[PDB]
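Presented below is the structure to which this report refers.
Computed from heavy atoms alone, side chains included, the values below leave out hydrogens, waters and symmetry copies. First the proteins, then the strands, lettered A, B, ... as listed; each starts at 1.
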Amino acid sequence: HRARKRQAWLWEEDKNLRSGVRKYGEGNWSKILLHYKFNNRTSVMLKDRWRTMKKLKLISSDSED
Amino acid sequence: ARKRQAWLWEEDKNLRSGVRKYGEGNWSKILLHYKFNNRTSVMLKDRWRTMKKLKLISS
Amino acid sequence: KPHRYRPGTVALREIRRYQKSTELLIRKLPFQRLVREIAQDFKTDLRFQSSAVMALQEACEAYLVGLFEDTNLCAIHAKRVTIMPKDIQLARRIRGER
Amino acid sequence: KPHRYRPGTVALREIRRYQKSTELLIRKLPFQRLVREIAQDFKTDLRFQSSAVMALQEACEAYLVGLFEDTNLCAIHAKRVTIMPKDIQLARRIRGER
Amino acid sequence: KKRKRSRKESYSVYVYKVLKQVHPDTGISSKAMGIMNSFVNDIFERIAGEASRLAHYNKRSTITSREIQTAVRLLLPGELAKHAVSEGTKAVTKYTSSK
Amino acid sequence: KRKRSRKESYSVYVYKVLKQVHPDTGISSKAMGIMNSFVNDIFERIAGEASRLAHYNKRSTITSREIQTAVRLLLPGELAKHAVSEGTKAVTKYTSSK
Amino acid sequence: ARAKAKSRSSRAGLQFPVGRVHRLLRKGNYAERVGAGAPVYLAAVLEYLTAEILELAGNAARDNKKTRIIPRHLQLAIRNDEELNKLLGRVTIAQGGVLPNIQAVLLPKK
Amino acid sequence: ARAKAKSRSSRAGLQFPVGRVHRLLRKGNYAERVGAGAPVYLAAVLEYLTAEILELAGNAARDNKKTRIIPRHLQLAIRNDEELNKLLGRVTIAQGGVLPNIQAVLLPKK
Amino acid sequence: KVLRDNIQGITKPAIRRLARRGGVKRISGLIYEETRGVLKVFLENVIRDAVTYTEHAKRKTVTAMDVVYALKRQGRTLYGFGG
Amino acid sequence: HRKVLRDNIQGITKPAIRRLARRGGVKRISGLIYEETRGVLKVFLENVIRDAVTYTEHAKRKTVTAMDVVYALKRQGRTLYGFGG
DNA sequence: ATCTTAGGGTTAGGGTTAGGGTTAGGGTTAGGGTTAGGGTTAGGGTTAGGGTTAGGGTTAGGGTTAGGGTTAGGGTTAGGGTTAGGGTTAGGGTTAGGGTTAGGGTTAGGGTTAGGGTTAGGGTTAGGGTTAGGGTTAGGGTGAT
DNA sequence: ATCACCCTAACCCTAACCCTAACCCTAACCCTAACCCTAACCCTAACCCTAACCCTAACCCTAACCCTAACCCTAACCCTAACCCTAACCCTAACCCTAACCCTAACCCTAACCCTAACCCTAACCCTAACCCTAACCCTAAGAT
């Protein structure tokens with residue numbers, strides 16, 4: 001929205017999201033938002049960012065199985 | 001894509017009235033409310049940015 | 001003991017990362033300093049165009065990438081996966097650089 | 001008991017022998033026939049000056065000698081003394097001939 | 001009145017025409033056009049130099065289509081040479097027919 | 001009474017230099033062919049580089065500057081230094097004698 | 001009274017400039033004289049080579065679902081064609097990158 | 001009347017032909033015009049390079065107890081000199097052979 | 001003033017990236033210093049030739065075309081930067 | 001007259017290849033080298049002869065001269081001295 | 001049932017054309033002038049295709065061993081994961097050094113021609129190089145200490 | 001390891017021969033000297049672009065570390081393929097002869113190329129509005145508990 005300035009994702013937050021998705025498990029966007037540090041992000045924002053990272057192959061590839 | 005198509009008075013004044021009615025940023029719904037023949041949401045956005053750059057817009 | 005990737009999995013991931021991309025892999029400011037320092041020997045008070053340094057960087061990166069391709073072939077020829085300086089020496093030896 | 005040099009002695013004598021002289025090491029007539037056979041593919045009823053066949057022979061011999069120098073280096077890099085066709089392939093790949 | 005600005009030349013227009021022949025909808029970036037310009041100039045110099053050497057060897061003072069054809073056969077590899085020779089001959093024939 | 005065309009070469013010129021360097025050393029015909037090839041090769045190299053330099057600089061004349069810059073580009077190191085010295089020496093003497 | 005001007009490229013059915021090629025041949029110090037056929041043949045050859053590369057580059061860009069050709073696409077096209085690779089073996093494309101290739105020995109042994 | 005002609009090589013103090021070199025430059029399609037000092041400079045450089053090679057070749061010949069330079073001697077002179085080898089790296093001398101060189105690992109154990 | 005030890009600016013992380021684009025899976029620790037030397041030699045040759053071209057033109061600025069010519073004469077043609 | 005030629009690549013015998021290797025400084029030679037070397041010589045010649053014949057054909061001649069071979073070699077980056085270059 | 005997640009739809013902002021205008025700058029056409037090269041012929045030179053021989057080089061095979069191929073095991077690195085912080089990157093200015101353009105001279109290089117100095121080709125000869133035959137020394141091999 | 005013979009091959013030395021380099025002579029060809037003529041290059045001066053330089057600020061890449069496993073390296077063992085030597089034989093090297101066939105100079109002559117001058121035409125900038133690409137954000141629609 002106009003009130004909320006569009007800002008980009010910092011290396012600090014991609015790491016954090018990366019980490020949590022590992023530990024707290026993919027899809028637990030609320031608790032990842034709780035235990036890590038982000039720049040006034042919301043639960044959905046983490047969702048959108050994870051989707052974008054998968055699109056751009058910044059996620060560690062799915063493990064051979 | 002299609003040829004370049006310019007902006008006349010009609011789709012200018014409607015867009016001004018729309019930014020007034022549906023509020024700025026709400027381009028998609030403004031598109032629906034008013035008749036902007038052959039004008040996509042992004043076209044609405046770029047047109048208003050052109051308004052801002054050219055000082056053709058004032059309350 | 002948290003989830004740890006065995007070595008070689010991350011190496012293959014990066015190989016794929018950097019063989020897919022096209023950006024320069026050496027930071028610009030250090031390389032510019034290097035270029036200016038090298039040129040100091042040949043002539044003093046020498047100005048450089050923005051694009052001249054860019055062209056030099058492109059040439060150097062291409063050169064090093066080609067050299068490592070050849071180096072990797074030499075290393076594989078010796079039943080190794082690890083490149084060593086002798087591999088580089090041999091590759092430059094055969095290319096004519098020596 | 002008759003005399004027999006150990007393996008690798010006569011090879012070293014031959015190395016010293018042929019690195020000391022300059023004559024061509026491929027018999028002239030067979031090479032001349034090879035040149036004519038290769039050339040008839042491109043064009044028929046084709047004549048050759050004596051000097052043209054000689055120049056071809058000098059070029060071919062020089063090329064093969066240098067290739068063997070590089071091949072031997074690859075063999076030594078693999079901790080071997082015998083050259084193998086993979087060595088020739090590596091040398092030719094690094095030289096840009098393939 | 002003011003200092004006039006010297007103009008550079010390029011093959012951007014013609015490369016764009018050729019692209020619109022082969023790929024009507026595809027566009028091309030500025031960096032890619034730079035690369036195409038470099039390519040055309042490189043090949044031009046290669047062919048022209050070879051033709052010049054061919055003319056010098058045979059003690060001729062003119063670079064005709066023969067030398068260009070021989071230069072193409074010497075430089076371009078395999079099929080490239082065959083197709084280029086056909087294209088050159090076709091163009092010369094068409095040019096000669098309509099004066 | 002057809003006339004066969006004369007063949008120009010650098011033989012007399014090389015023999016004069018040879019007797020300056022080694023007063024009592026001869027040269028075989030094959031070696032003189034090598035020296036002719038060498039002189040023509042270096043001539044072509046220097047003249048071609050001088051040609052491009054003039055073209056790059058939108059100049060329509062090959063001068064001693066262009067030759068000097070070609071020599072600096074082509075000859076490695078001490079060869080380039082000594083060649084530049086010799087050329088400069090020769091042009092100075094030429095200019096002085098008018 | 002001068003007849004309408006028809007360009008030399010149009011006469012030869014070409015998109016590359018025959019007149020400019022003629023001037024470059026005349027000014028490049030290649031010979032004393034340049035024939036009338038030489039610029040036509042050279043322009044045709046240059047146009048052919050340009051068409052080949054551009055076709056392959058467009059195919060490469062379509063393979064990546066891109067509507068614009070970038071140097072990457074030219075790099076992929078040239079290095080995936082045996083003859084174009086031979087022609088441009090010693091050429092570096094800026095912002096072109098390398099063609100993806102990992103040796104078989106380095107791949108994971110399952 | 002006409003003064004007695006002195007060749008341009010004599011004026012420059014050279015042995016190589018300044019006059020012929022000038023002719024070759026003018027007729028070689030190198031440029032539109034050729035300066036007066038260019039042939040002198042180029043002839044001097046050629047003479048220098050010739051003298052260098054010939055010096056080393058004559059030294060090589062003496063070492064073989066020969067009173068006459070053959071291609072072998074030229075090859076030995078070129079390959080045993082760093083800068084000349086650099087200059088003529090991609091050159092093959094006919095009937096020149098190679099420098100004697102065996103790798104240390106190939107020699108006998110003791 | 002003068003610059004000093006700028007070669008170390010070509011960091012190990014950067015040399016490992018160049019290797020990976022070359023397809024390399026493991027890299028000995030002694031390569032990093034080797035690569036620095038190689039790079040230095042390549043740059044000196046190219047820059048020497050470029051500066052010669054610049055000096056001939058009576059200019060004090062090394063242009064991209066100067067670098068393009070220097071590379072071409074060393075048998076490494078470069079497309080993209082003019083010519 | 002002007003009969004065919006066939007198999008002549010085998011005229012580059014095993015001894016000759018060993019001699020060339022010995023000049024190159026080779027002490028031991030695998031048995032698969034001899035066929036390998038024949039192939040390499042096959043390609044090198046074809047490349048050179050093709051260009052040499054192109055030069056000959058441009059001059060409207062039927063005899064390949066030493067100059068043709070010299071020019072052909074030169075354009076492949078292998079300059080040869082001693083044959084009129 | 002309600003805050004939470006999935007998935008499709010909208011927007012922000014930087015980047016990329018299309019078109020319209022202006023005009024350096026060269027491409028085309030017409031007509032005059034000059035010469036490079038195509039066409040034809042003759043004649044000399046060159047290479048291809050026969051033959052014959054003898055002697056050196058190749059080829060097939062046996063004996064032997066050295067080096068390549070394989071495996072096992074230990075020590076040494078390289079790399080993955082983590083953290084702190086500083087070096088590079090991104091953005092915003094200023095300025096002056098140098099590259100570029102514009103006239104105005106002028107001297108250097110091209111064009112031409114007569115004549116002589118120089119160089120390539122042909123002829124002739126003697127000495128550096130080679131080949132044959134005879135020692136002589138450097139060094140590889142095996143068996144004994 | 002360590003000498004001590006035994007034996008082979010590269011080395012040297014002489015002699016003879018020899019054919020190729022080196023010198024001489026001559027005639028044709030091309031370099032030089034002298035004299036116009038003109039434009040490429042040089043010199044000066046103004047003008048504008050961009051490279052060097054200086055700030056601030058925050059990012060994220062780099063450096064450092066610890067801990068393991070994967071890798072390199074070597075040593076021991078086996079076997080088979082390559083080397084060395086011998087004998088039988090074949091095909092290359094050397095020389096000669098002849099006959100088509102090719103290369104090239106001499107001569108003629110005509111398209112083909114060069115060189116101006118007018119006359120446009122098209123490409124090369126510039127600059128602004130319109131459109132595009134893609135990540136960041138939004139809006140509902142089920143849904144775990």
Side-chain angles (χ1 to χ4, degrees), chain A residues 1 4 6 8 10-12 27 29-30 43-45 47-49 52, chain B residues 1 4-6 25 27-28 41-43 45-47 50, chain C residues 4-8 10-11 27-30 47-50 80-82, chain D residues 3-11 13 27-30 47-50 80-82, chain E residues 3-9 13 27 60-62, chain F residues 2-3 6-8 12 26 28-29 59-61, chain G residues 2-3 5-8 19-20 23 33 35-36, chain H residues 2-3 5 7-8 19-20 23 33-36 66-68, chain I residues 11 13 26-29 59-61, chain J residues 1 13 15 28-31 61-63:
Chain A
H1 188 61
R4 191 190 285 93
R6 181 173 188 278
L10 296 173
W11 185 87
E12 176 67 2
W29 309 125
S30 183
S43 302
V44 171
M45 284 191 199
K47 183 183 68 64
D48 287 343
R49 180 63 189 159
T52 293
Chain B
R4 289 288 164 79
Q5 297 304 307
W27 322 107
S28 184
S41 59
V42 181
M43 288 156 202
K45 189 183 61 58
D46 310 321
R47 181 56 177 166
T50 305
Chain C
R4 169 158 155 186
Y5 290 83
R6 63 180 295 275
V10 187
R27 297 283 159 269
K28 296 190 171 63
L29 181 55
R47 310 175 96 215
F48 272 87
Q49 285 193 349
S50 177
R80 284 187 284 97
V81 311
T82 307
Chain D
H3 184 90
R4 167 172 287 271
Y5 289 105
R6 301 244 290 278
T9 297
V10 189
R13 293 202 284 92
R27 296 287 157 266
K28 313 289 202 62
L29 173 65
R47 322 182 102 194
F48 283 79
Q49 298 195 343
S50 294
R80 274 181 297 105
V81 175
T82 75
Chain E
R3 304 312 197 72
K4 68 193 192 172
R5 321 192 87 93
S6 294
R7 300 194 172 179
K8 301 283 156 289
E9 286 176 12
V13 170
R60 296 290 180 272
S61 62
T62 313
Chain F
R2 293 167 71 248
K3 293 197 294 292
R6 300 294 194 79
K7 293 183 295 187
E8 302 277 323
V12 298
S28 69
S29 80
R59 296 297 190 84
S60 80
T61 303
Chain G
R2 287 162 75 264
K6 187 185 182 70
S7 63
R8 274 191 283 178
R20 175 176 299 188
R23 170 178 52 88
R33 298 143 78 88
Chain H
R2 180 181 321 295
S7 63
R8 286 192 275 166
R20 176 180 300 189
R23 173 173 60 76
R33 315 162 89 219
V34 173
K66 296 289 180 291
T67 319
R68 190 192 279 102
Chain I
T11 61
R26 282 172 61 91
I27 299 182
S28 169
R59 295 187 274 93
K60 295 188 185 69
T61 308
Chain J
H1 300 305
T13 56
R28 276 168 65 89
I29 298 175
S30 179
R61 278 185 289 100
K62 303 217 190 68
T63 181

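Looking at residues two or more places apart in sequence or on another chain, you find no salt bridge (charged side-chain N to carboxylate O under 4.0 Å, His left out) involving B/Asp46. The side chain to side chain contact (heavy atoms under 4.5 Å, CB included) check on I/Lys60 picks up nothing, with sequence neighbours excluded. With sequence neighbours excluded, no residue satisfies salt bridge (charged side-chain N to carboxylate O under 4.0 Å, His left out) with D/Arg47. Under the rule for a side chain to side chain contact (heavy atoms under 4.5 Å, CB included), the partners of H/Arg8 that lie at least two apart in sequence or sit in another chain are F/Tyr94, H/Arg11, H/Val18, H/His22, H/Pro39. Remark: G/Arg20 engages E/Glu9 in a salt bridge (charged side-chain N to carboxylate O under 4.0 Å, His left out) (not counting sequence neighbours). Taking the salt bridge (charged side-chain N to carboxylate O under 4.0 Å, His left out) definition, one finds that I/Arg59 meets it with I/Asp66, sequence neighbours left out. Annotation: side chain to side chain contact (heavy atoms under 4.5 Å, CB included) contacts of C/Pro7 (sequence neighbours excluded): none. With sequence neighbours excluded, the residues that form a side chain to side chain contact (heavy atoms under 4.5 Å, CB included) with F/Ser28 are F/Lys30, F/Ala31, H/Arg68, H/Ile70, H/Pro71. Qualifying ring pair (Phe, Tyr, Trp, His ring centres under 6.0 Å) partners for D/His3, counting only residues two or more places apart in sequence or in other chains: D/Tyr5.
Chain F approaches DNA chain L over the interval L/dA21 to L/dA106, counting the first and last nucleotide 5' to 3' with an atom under 4.0 Å from its heavy atoms.
Base engagement by D/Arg47 is indicated by at least one non-hydrogen atom pair under 4.0 Å involving a base atom. Contact annotation for E/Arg3: base contact, defined as any heavy-atom pair under 4.0 Å involving a base atom. In this structure, E/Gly27 reaches neither bases nor backbone, as no heavy-atom distance under 4.0 Å exists between it and the strands shown. The residue B/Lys45 sits close to a base: some heavy atom pair falls under 4.0 Å. Using a 4.0 Å heavy-atom distance criterion, J/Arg28 is classed as a sugar-phosphate-only contact. At a threshold of 4.0 angstrom between heavy atoms, the contacts of A/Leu10 are confined to the sugar-phosphate backbone, with no base atom among them.
Atom OG1 of B/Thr50 and atom CE of B/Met43 lie 12.5 Å apart (nearest 0.5 Å). Remark: F/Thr61 OG1 to H/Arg33 CZ distance equals 4.5 Å, nearest 0.5 Å.
A positive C1'-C2'-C3'-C4' angle places the sugar of L/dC55 in the north (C3'-endo) family. A negative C1'-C2'-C3'-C4' dihedral is found for the sugar of K/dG110, placing it in the south range.
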Item to check | Under the 3.5 Å Watson-Crick or G-U criterion, the dot-bracket string of DNA chain L, with | for inter-strand pairs | outcome: ..|||||||||||||||||||||||||||||||||||||||||||||||||||||||||||||||||||||||||||||||||||||||||||||||||||||||||||||||||||||||.|||||||||||||||||||||||
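Residues H/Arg68 and J/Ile29 both approach DNA chain L. Their nearest nucleotides, taken by heavy-atom distance, put H/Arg68 toward the 5′ side. Comparing C/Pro30 and J/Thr13 against DNA chain K, the residue whose closest nucleotide sits nearer the 5' end is J/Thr13. Nearer to the 5' terminus of DNA chain L, by closest-nucleotide assignment, is the contact made by G/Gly35 (compared with the other of G/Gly35 and B/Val42). A residue-by-residue look at A/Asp48 and F/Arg2 shows that A/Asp48 has its nearest nucleotide of DNA chain K further toward the 5' end.
Neither side chain, J/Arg28 nor D/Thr82, offers a donor N or O lying under 3.5 Å from an acceptor on the other.
With P as the reference atom, L/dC49 and L/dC126 are 10 Å apart, rounded to whole Å.
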Checklist entry - Where along nucleotides 22-39 of chain K does protein come under 4.0 Å, by heavy atom, of base (B) or sugar-phosphate alone (S), with - for untouched nucleotides? => result -BBSSSBSS-----SS--
